[PDB]
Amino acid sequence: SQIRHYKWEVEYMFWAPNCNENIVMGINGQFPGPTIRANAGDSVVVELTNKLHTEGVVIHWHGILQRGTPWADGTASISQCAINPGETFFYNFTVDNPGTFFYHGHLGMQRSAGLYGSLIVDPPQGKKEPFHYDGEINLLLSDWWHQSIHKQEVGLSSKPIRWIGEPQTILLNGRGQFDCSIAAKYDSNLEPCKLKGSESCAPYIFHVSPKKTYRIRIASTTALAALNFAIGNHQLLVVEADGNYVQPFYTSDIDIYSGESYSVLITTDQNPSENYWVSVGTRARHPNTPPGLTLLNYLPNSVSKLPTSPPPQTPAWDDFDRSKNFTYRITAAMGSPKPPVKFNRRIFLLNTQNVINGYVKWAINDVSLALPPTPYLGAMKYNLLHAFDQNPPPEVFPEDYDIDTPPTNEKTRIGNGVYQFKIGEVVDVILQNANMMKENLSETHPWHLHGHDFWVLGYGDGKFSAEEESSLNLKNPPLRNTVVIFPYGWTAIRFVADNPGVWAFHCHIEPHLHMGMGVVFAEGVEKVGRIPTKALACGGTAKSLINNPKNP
């Protein structure tokens, strides 16, 4: 096991992801950030210096469990006080299992500004993958707005709310094209990009040699978009999802939601004298963004040899039945960990869009989360009972609530209480979607849990009932860290509370989390060790722990 040490500085910089200049959050002058790669069992040490001028910053490592290091999860106001400008913090954690993971900002809307990058973990040294491939292609997907993140943030906190709107560009490994298309030759209504290939927004071309097999790693850190990935004329075999192996299956395209990572295998068994289109299109929302595009370049063909066909036409955004058909097919690889068969706690969380005091907010069982200035982990380790609400948040919603109609907003409150588990509890969480404030509208929401992987027991339509208990999959369910709820549907997940610390569980769409859509889960904090002083040095924790008497 090696220690992988990184030394990084976060600073803003001018950059043009789609050849339109804006400011991006770079790490060591790079956008996207540097890739962390390690082997399972290695320690990763990142010393991060904050060089933003007035802003705090944190980095969350998505999918890493932080077992023994919950202070290193990178969630402002939950695991730590943010890092102040000019300060250096050490995140030191272990990577336990192989997978495609990534990292991102977890304070304000910092990840939409560009703070993200890949974190890949290979098998233990000497050990190999369950599947053979000759090469690897890594792809991080994100979306880009031309509006400032500070104007977006304020617009989302105003009465009337100013929605951020659909993204201007989809970014593939940080690059995309705006107001022109590299596929303009198939449609004269499109403007041709003039690009010699050297520009910041020039496509990241995938170069493959014929008759080989390639592992394509795909992760999504979109703030809003749900995307569909397809390569013209090539079958994808799904082999990994969220750092866990799935039972393999072929599909023509995959749907990927913010927070998910997949590894797909392809084989370059097609006509070797041509190049092929890679298309990443928007779904689950009425599209107003051009697809992200690049080429699968079979060497030695010039990359300027455009494909004979147009890019694959993206599946209709609202064919939720097609989407369920993909999603429901995901099962754990033969020989995976199977769930506990009985649960000790089952919690029901209704997802609504609400209007609390003029403001449009999202609520979970009528509580919109507002995070305190004291970090929950330090607050619970030093038993600071006034830092947040000690009263237990609701574990159920009313059986007379009608999920087919708008909220009344009669009892909708902002809050910051925490759900608490006993170390070793098996917990089921039934996520219930509902109609939003507009009539006859419900959307898809990706939910992500920190510090754990859970089994996805099932999905269904309408309101979950006792009649649905027997449909839950306890034989083969996949282990994941992100899961979707479909329009007016439910999703049931199970996990064991075996990881001392305070863990966020929230919709991974960034404006939704900003508007309150998430909860806080705490378990076994009595067993948490020493927290680094920098993670304690703010709020109520700095107040009790800094000894600064008066008259003494």
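Residue positions are given as counts along the sequence shown, with the first one as 1.
Of the two segments examined, 309-317 and 433-441, it is 309-317 that shows the higher average Cα temperature factor in the deposited entry. Taking only CA atoms, the mean B-factor in the PDB entry is higher for 412-420 than for the other of 412-420 and 442-450. Among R67, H512, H53, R37, the highest C-alpha B-factor in the deposited entry belongs to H53. By the numbers in the PDB entry, the CA B factor is greatest at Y276 among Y276, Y133, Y91, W362. Per the PDB record, residue ranking by Cα B-factor puts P532 in the middle third of the chain.
Per the deposited record, the Cα B-factor of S77 falls in the middle third when ranked against the other modelled residues of its chain. In the deposited entry, the Cα temperature factor of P340 sits in the top third of values across the chain's modelled residues. When the modelled residues of the chain are ordered by their C-alpha B factor, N383 lands in the highest third.
For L119, the recorded CA temperature factor ranks within the lowest third of the chain's modelled residues.
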